[PDB]
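Worksheet: one structure, shown below.
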Amino acid sequence: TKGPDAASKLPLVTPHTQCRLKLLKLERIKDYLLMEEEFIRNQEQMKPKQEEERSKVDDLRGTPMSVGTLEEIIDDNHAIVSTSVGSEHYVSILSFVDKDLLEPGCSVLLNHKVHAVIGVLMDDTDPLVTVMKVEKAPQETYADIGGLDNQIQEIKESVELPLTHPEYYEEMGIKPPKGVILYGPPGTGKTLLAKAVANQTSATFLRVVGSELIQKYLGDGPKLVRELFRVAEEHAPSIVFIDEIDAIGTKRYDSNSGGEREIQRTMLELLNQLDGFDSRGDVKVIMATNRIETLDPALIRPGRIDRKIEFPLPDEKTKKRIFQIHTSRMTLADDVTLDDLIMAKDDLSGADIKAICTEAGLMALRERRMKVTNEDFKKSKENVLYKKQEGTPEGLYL
Amino acid sequence: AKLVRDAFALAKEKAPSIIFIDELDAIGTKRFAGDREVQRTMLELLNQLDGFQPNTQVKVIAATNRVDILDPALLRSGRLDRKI
Amino acid sequence: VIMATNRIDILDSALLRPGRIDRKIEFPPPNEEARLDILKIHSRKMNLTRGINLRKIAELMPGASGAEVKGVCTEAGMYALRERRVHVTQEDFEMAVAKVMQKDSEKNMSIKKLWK
Amino acid sequence: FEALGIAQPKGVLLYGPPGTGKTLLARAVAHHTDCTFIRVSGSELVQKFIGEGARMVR
Amino acid sequence: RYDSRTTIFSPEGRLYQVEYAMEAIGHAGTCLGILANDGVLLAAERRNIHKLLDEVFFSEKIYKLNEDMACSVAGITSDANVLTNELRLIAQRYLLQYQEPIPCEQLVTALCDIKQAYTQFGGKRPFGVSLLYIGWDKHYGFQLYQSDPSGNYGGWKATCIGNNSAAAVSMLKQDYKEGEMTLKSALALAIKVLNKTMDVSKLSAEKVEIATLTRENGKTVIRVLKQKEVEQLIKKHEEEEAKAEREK
Amino acid sequence: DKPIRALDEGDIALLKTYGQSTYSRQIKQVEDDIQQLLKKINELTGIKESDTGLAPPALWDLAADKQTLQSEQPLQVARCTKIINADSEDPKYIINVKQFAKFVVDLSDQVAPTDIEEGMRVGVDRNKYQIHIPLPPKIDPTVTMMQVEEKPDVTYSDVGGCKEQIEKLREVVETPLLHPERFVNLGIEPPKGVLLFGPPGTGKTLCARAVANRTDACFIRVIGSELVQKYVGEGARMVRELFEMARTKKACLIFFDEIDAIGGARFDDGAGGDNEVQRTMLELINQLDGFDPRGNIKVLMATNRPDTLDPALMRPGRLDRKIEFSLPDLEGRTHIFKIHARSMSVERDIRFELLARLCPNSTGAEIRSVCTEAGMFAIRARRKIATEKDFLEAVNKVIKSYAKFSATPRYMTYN
Amino acid sequence: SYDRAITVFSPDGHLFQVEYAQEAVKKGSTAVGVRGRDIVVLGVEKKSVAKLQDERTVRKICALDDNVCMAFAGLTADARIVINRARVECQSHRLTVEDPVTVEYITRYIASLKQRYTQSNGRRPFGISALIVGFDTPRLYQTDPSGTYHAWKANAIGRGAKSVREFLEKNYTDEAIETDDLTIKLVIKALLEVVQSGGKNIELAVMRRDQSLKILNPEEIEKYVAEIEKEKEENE
Amino acid sequence: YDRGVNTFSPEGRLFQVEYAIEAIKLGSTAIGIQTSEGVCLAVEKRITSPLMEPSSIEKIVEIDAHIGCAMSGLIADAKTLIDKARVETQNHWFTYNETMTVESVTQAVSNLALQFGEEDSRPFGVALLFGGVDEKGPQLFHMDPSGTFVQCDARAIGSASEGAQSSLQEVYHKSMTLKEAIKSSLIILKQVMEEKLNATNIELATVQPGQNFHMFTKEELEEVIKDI
Ligand SMILES: Nc1ncnc2c1ncn2[C@@H]1O[C@H](COP(=O)(O)OP(=O)(O)OP(=O)(O)O)[C@@H](O)[C@H]1O
Ligand SMILES: Nc1ncnc2c1ncn2[C@@H]1O[C@H](COP(=O)(O)OP(=O)(O)OP(=O)(O)O)[C@@H](O)[C@H]1O
Ligand SMILES: Nc1ncnc2c1ncn2[C@@H]1O[C@H](COP(=O)(O)OP(=O)(O)O)[C@@H](O)[C@H]1O
Ligand SMILES: [Mg+2]
Ligand SMILES: [Mg+2]
Ligand SMILES: [Mg+2]
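Chains as they are written, first to last, in the authors' numbering: chain A, 40 to 87, 91 to 440; chain B, 265 to 296, 301 to 352; chain C, 291 to 406; chain D, 175 to 232; chain E, 4 to 251; chain F, 19 to 433; chain G, 2 to 137, 141 to 240; chain H, 8 to 127, 134 to 241.
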């Protein structure tokens with residue numbers, strides 16, 4: 040089974056104000072951590091059997107242990123095993139090995155001298171895949187996202203609600219959506235939403251770049267994708283986030299480009315994993331891309347990617363929410379009227395609002411002030427907002 | 265290259281032998301590190317063609333769907349020349 | 291991350307967004323006082339002769355790059371070297387400016403007169 | 175920045191006409207940084223190979 | 004791409020060829036127009052000023068369409084020539100039909116309509132010429148008008164097109180007083196804005212031509228300023244700059 | 019403007035002190051020691067002992083394992099390349115040790131010369147390389163895992179709107195197997211290959227799953243990632259061994275899912291291109307048709323981009339029948355809607371013909387997504403029955419919300 | 002691949018250039034128009050002109066004839082051409098037949114003229130949509149770059165179309181157009197739902213029964229805006 | 008092959024007219040039934056906004072006092088064809104002092120339609142249902158962008174054409190009366206419409222031999238509707 044390896048996270052300490060309540064909650068966290076440290080330190084200290095078992099098994103197998111590939115199972119205790127050098131050896135299977143675990147192609151621990159099967163290596167996970175697993179959940183939560191109520195609701199119905207409440211889906215008869223593509227202009231909150239869902243989820247989370255799943259050697263790309271998805275299968279409730287799928291999701295086309303055909307083969311293996319022969323199981327996929335129109339139709343089609351969540355440039359209410367969230371830790375003055383920044387049509391995104399807040403803080407620091415003002419925000423708006431050149435036509439239209 | 269040499273030697277051992285090389289585009293691809305090994309195989313084949321000369325009973329027929337991919341050195345004069 | 295590049299408008303607006311790049315610092319061609327500062331900076335080790343007014347040299351360089359100022363100083367030094375001297379004169383600086391400020395026009399009045 | 179509540183700025187893009195001191199300013203920063211100043215050109219991360227540029231960036 | 008033909012709408016509804024002509028107008032020489040009480044003037048830069056070019060027309064950028072009208076020019080030379088000739092033809096046709104000078108605005112619209120045609124019918128490239136119009140009539144007095152390659156026009160009191168048009172229009176926005184501007188103040192403003200917009204320093208007079216329009220005893224005289232008065236205008240501007248230097 | 023003044027050390031100290039410091043220092047120190055404490059716990063536990071093949075104690079309980087270790091000796095696997103047979107009394111045997119070398123050895127006295135035939139694989143001792151035991155013929159592991167051995171639960175009643183495609187498929191992969199006598203009587207050799215092609219999500223993989231569900235023969239779901247191997251010529255050998263395994267089974271079925279991966283177009287103007295992938299594709303071409311007749315191996319190939327395939331592969335001697343899956347008609351889309359809404363808790367008054375007509379150009383996958391979205395809408399507002407309005411909203415959300423930019427003012431052009 | 006010509010049907014029967022022509026309207030400033038029992042009113046988002054620009058030439062409300070006026074949204078030059086053609090056709094119709102041109106007839110002519118530029122290649126379609134209001141009975145029609153006209157009790161075209169229409173449907177009541185001042189106030193409110201500057205960017209033209217056009221000066225519009233604000237001040 | 012009206016395909020098909028039928032498919036549903044008692048003709052209105060005057064949606068037009076027409080597809084092409092039909096009817100009356108037969112009216116409209124490419134343009138992307146009484150009796154004709162036209166006892170065009178056509182085949186016989194034809198058309202329209210059927214989402218028209226007048230229904234629609 041090998042249930043999910045959910046990322047560990049400390050409880051959120053709120054209020055975020057530098058008050059005594061935050062001190063008390065943080066000191067409660069420190070208290071419990073010290074309790075855990077004391078118990079885990081005095082556990083092995085007071086430890087006075092299985093040592094005979096270890097002294098027999100380890101002595102019999104000996105060190106070092108070679109790692110080979112099982113090729114054939116001839117007898118109940120004899121196997122043809124190929125070493126990493128590609129040389130096959132007819133070796134013996136020692137008694138202290140589960141015969142049901144031995145399968146062709148499995149990674150098998152052999153003795154160094156006689157290469158006899160001393161055990162089976164379970165994980166044998168590519169290091170480029172085990173690094174995709176998330177161990178420390180990101181600090182961003184659903185409370186750090188301003189607006190985006192529809193997008194958050196869709197992503198929760200897709201990858202969150204089925205885990206907590208599969209009762210609705212089972213009762214009505216729907217198979218819950220198992221693929222979501224977060225597409226929109228950059229800086230709108232796609233990666234932020236991925237961070238938030240990773241923080242909230244109780245299922246294992248795999249983060250991919252859409253470009254680290256691509257390897258030098260000819261066949262290692264699709265093989266790496268298959269390994270990643272198999273690992274996702276192992277920890278049954280899983281979420282596989284592939285940021286910037288544009289890297290491999292680009293539309294298929296015919297050209298010589300010996301590397302591009304491997305690119306397309308890798309993406310073909312990806313879409314086979316998403317929806318092909320054999321079921322995919324209880325593993326959700328979240329994909330993010332700035333440009334969706336350049337993606338291959340067979341990748342973003344329903345059944346492979348069930349939902350296409352659009353992240354538009356924030357509107358007035360959403361922008362006001364972003365400003366309220368990102369100046370929450372600030373010390374605003376009384377003359378500040380955030381509205382003037384929220385209005386007008388600068389086409390500023392959530393990342394733009396974050397930079398506006400940061401630059402207003404820097405402007406206040408320039409005047410040796412730890413509290414921001416309206417003038418600082420106004421200066422920061424023009425200082426940071428200068429991104430696009432023209433983006434507009436002339437006075438043709440009345 | 266060993267396979268090509270052994271096949272040609274087996275053709276030599278039998279007096280009336282006909283070699284049939286299908287899909288010459290695979291090993292007859294123009295040169296440009302598996303390219304090195306493919307070149308070794310193709311040049312061994314070329315040497316085998318250059319080997320026999322006294323109108324020996326060993327004759328070879330090559331079939332391909334592509335001629336542009338085929339190495340022009342394969343055609344030459346003392347090698348496969350009957351472009352049927 | 292510090293990223294330096296010309297052609298600000300040709301790099302995609304995906305690394306240009308505020309999250310990836312928080313500050314976009316423009317390096318306009320040096321103004322007159324900036325050109326004076328650059329001239330003073332790059333002539334520190336050059337043995338200048340009294341009557342080497344660098345303000346007038348900055349006037350004679352209407353909107354250079356800043357590397358062109360260093361090239362101007364280098365070419366004045368080259369004229370001094372070719373004359374086998376170690377000092378630099380004002381006329382030397384002005385004519386070095388003229389050489390470094392070599393502009394290539396269309397040289398085809400037919401093309402220039404297309405746009406009336 | 176922690177007390178202000180803002181997030182520390184990360185990226186600085188020095189853009190302008192050529193020969194104005196962008197990489198000169200980068201060199202000056204590298205001289206007084208008391209910190210690691212890994213340098214990258216715009217063409218060292220290309221490679222002829224698929225996924226090698228991304229791997230080298232990583 | 005949707006810019007191969009003038010009659011192809013972009014998916015966002017933008018005529019890319021028309022916008023290309025508008026942006027190409029920026030290549031043309033700077034020409035500016037200022038309205039003022041009892042006067043209206045155009046100024047232009049001679050651009051190509053090579054010593055082997057004889058100056059025999061004296062009005063390479065300013066043209067007289069009607070008795071009480073004049074136009075500037077900024078765009079393709081051939082398109083400018085045909086547009087000016089056709090402007091004169093329209094004005095003379097109106098005068099022949101009605102025995103009354105064409106009231107400025109209509110003339111603009113007339114030409115503009117024709118330009119619009121070149122942006123609608125296929126097989127014809129849009130007129131890559133934008134031009135200013137100055138005039139006077141019995142309805143709205145002195146008028147200044149701005150045209151576009153698309154055939155769009157607009158009334159203005161002070162506007163410039165060509166090289167560094169944005170800087171000129173910003174300077175005019177800063178240094179124009181609606182209602183209380185005269186011909187002399189307008190000429191000084193035009194000289195200073197030309198000096199700032201033209202990268203060349205000291206604004207040598209032979210590189211700039213100024214043509215004014217004024218009403219004199221019901222004769223609506225259109226004058227093109229000779230070099231001699233531009234010398235004294237440049238000297239006046241230099242002496243005002245020297246006087247402003249006194250603050251330091 | 020006024021230049022920004024520098025931030026002197028006194029200013030830094032004032033800004034970091036002239037403010038909240040009653041609990042700021044304590045809060046920051048507590049957070050830092052919290053992080054350090056977490057690191058301490060993680061380090062001090064820090065094992066997560068990896069699972070190894072250690073059997074339960076009662077399973078082995080064997081002190082004779084060491085006796086097996088020291089007494090028995092390892093044997094390297096090598097195929098006897100040739101029988102020298104010098105005088106049939108000292109025959110000698112040329113063997114090939116995979117990639118190590120090739121040797122001239124003799125059998126140990128344990129085995130008989132008649133039991134060691136030419137070409138088979140045998141175990142040799144590591145010292146004198148003498149033959150010690152005959153071995154079963156090599157079976158590639160990944161090739162045997164390429165088989166399915168587990169019929170999916172997709173029947174033929176779950177593929178709506180593709181009646182012609184299903185019948186033409188069964189005419190090539192089912193009918194010539196269950197009832198061959200219907201063909202030999204008419205002297206017709208049925209097609210031995212089918213290429214399933216069409217828009218994505220039209221049901222090619224679903225039909226392949228149904229075929230595997232009721233094949234009754236050997237079904238091999240070829241993985242496109244395994245024919246693509248790191249080493250030169252290993253993919254071609256993969257194809258050879260796959261076809262040999264198929265020939266071992268009586269009248270096997272092979273399904274090359276997503277054939278575009280290894281079915282590109284051959285070229286040389288790219289200065290090398292793939293070559294290895296092209297060589298594997300060429301060997302597959304050779305196995306499909308040519309000398310050495312393929313046999314009773316009906317081949318299934320699916321791809322939703324067929325125009326990039328090699329014309330040699332597309333030639334109707336390897337892929338004889340070309341079944342095309344098209345966008346379902348109105349009746350087919352009604353059938354798909356009924357199929358995918360069968361298990362849903364919906365009303366009995368849903369006019370599925372209306373919904374099918376509301377999705378003119380839509381694949382079966384889009385119909386399934388519409389049904390799932392209707393269920394999602396019925397779940398959002400917690401109703402236990404999905405009504406017609408939910409299905410209409412789902413159709414708008416799935417088809418219309420992403421079809422085109424033809425807005426209603428622009429859609430007023432048609433009436 | 003089927004959007005580079007006007008005479009090519011898309012595989013799903015779409016004339017994509019004709020559809021693209023409507024984006025030019027979508028890029029224009031909002032123009033709203035309603036009809037009352039005795040008046041026809043039409044407001045315009047009069048975007049602020051430059052400081053030195055004369056706003057006399059910038060006209061969006063143009064009177065086709067003494068009994069019918071028209072406000073466009075889209076390309077300004079195409080609008081000028083269409084307005085001139087409509088004036089010429091209305092005068093010609095008055096010449097041929099004594100009775101004045103009906104608003105329905107002039108809208109039919111404008112729609113046919115726009116359509117005839119979408120039937121031939123090498124002829125760019127008009128990129129404007131028009132609201133034509135007149136008396137024959142107060143009638144309001146809207147054209148389309150495609151060449152289709154429609155009769156409406158109330159529209160709004162241009163930049164704000166969905167928002168202003170959404171405001172309009174649940175605001176156009178029988179009592180809303182009961183009084184002429186009520187209808188003008190409704191137009192002002194509908195325009196203010198999109199034009200977020202107030203007064204300075206609002207231009208409303210009202211044509212009464214058997215009367216002439218009257219562009220509302222920026223003092224009567226200011227008074228109506230103040231009255232609307234006073235009426236809306238009942239929330240507190 | 009699918010870029011001009013003058014390019015033939017390897018199969019011989021013109022891949023431009025078929026696109027015009029596709030343009031038809033996204034119009035609005037129109038049912039027409041011809042019975043010995045007359046012709047009935049129903050259309051779904053597809054109202055877009057309450058502000059929009061419903062009388063502006065001209066899905067039903069009067070070609071003459073005896074012949075009416077229903078469109079489906081582009082408004083511009085349909086109105087051009089309808090004006091052409093009216094002009095031909097008036098010209099035939101002028102030059103022959105008789106009412107043009109609906110077959111001849113459809114012939115004239117089709118003759119205009121076939122000229123999509125004839126001169127050294135594009136097909137009219139609209140199907141027309143011409144109902145009306147002539148010297149031989151009531152008649153119903155259907156015409157498509159290619160200019161092919163045929164008499165149909167009961168024809169459905171626009172969207173929902175397939176389902177409405179199937180139900181029409183199920184529920185149509187030769188000896189239907191006008192009232193039962195109206196009822197069948199209305200029930201089919203209700204079953205093929207996403208919006209609830211009422212007096213404002215559909216319009217009805219009918220022609221009778223001796224009752225050519227009243228070539229429409231105005232507020233008697235509810236009379237048939239609530240007696241469904
Ligand atoms: N709706 C939002 N609410 C709160 N913060 C936001 C929002 N949108 C963006 N941000 C802020 O912007 C930062 C950067 O945005 P993010 O990482 O989500 O980019 P993105 O949308 O994934 O863009 P890209 O196309 O570059 O991947 C986030 O860390 C977050 O602080
Ligand atoms: N006729 C149909 N009836 C029912 N479901 C269908 C039908 N056609 C397609 N589907 C649905 O489409 C889903 C995905 O389609 P499928 O896996 O066959 O894609 P494909 O067309 O082979 O695409 P790819 O190009 O990725 O190979 C299936 O899970 C199935 O539910
Ligand atoms: N402000 C300046 N002061 C002094 N030297 C400068 C300045 N700007 C540019 N330079 C000169 O320009 C040269 C390098 O310019 P560089 O930084 O490469 O420009 P860019 O980054 O635009 O290519 C240096 O030798 C430096 O001396
Ligand atoms: Mg992101
Ligand atoms: Mg540099
Ligand atoms: Mg598939």
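From the three backbone atoms N, C-alpha and C, an ideal C-beta is built for every residue, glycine too.
If you check the CB distance, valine 102(G) and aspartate 148(G) do not come in under 9 Å. Rounded to the nearest angstrom, the gap between the Cα atoms of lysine 157(G) and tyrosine 176(G) is 8 Å. Residue nearest to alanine 383(F) within the set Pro344(A), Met412(A), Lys86(A) is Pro344(A) (criterion: CA-CA distance).
The beta carbons of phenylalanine 12(E) and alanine 25(G) sit closer together than 9 Å. Not one heavy atom of ligand 4 falls within 8 Å of the beta-carbon of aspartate 79(G).
Three or more beta-carbon pairs separated by less than 8 Å link the region 325–340 of chain F to the region 197–211 of chain F, which places the two stretches in contact. Separation of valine 250(F) and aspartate 278(F) (C-alpha to C-alpha, rounded to the nearest whole angstrom) is 20 Å. Counted as a single uninterrupted DSSP element, the beta strand (DSSP E) harbouring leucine 248(A) occupies residues 246–250.
Counting C-beta atoms within 10 angstroms of its own C-beta, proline 54(A) has fewer than 16 neighbours from the protein chains shown and is therefore classed as exposed. For the C-beta of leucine 438(A), the chain E residues within less than 9 Å are, from N- to C-terminus, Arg17, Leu18, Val21, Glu22, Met25, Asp151, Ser153, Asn155.
The Cβ atoms of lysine 294(B) and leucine 338(B) sit closer than 9 Å to each other.
By the criterion of a C-beta distance shorter than 7 Å, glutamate 311(A) is surrounded in its chain by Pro264, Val267, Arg268, once the five residues flanking it on both sides are discounted. The C-alpha of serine 150(G) is placed about 19 Å away from the C-alpha of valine 104(G). In this structure, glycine 36(E) places its C-beta atom within 9 Å of the C-beta atom of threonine 162(E).
In the same chain as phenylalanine 395(F), and ignoring 5 residues on each side of it, the C-beta atoms closer than 7 Å to its own belong to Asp408, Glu411, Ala412, in chain order.
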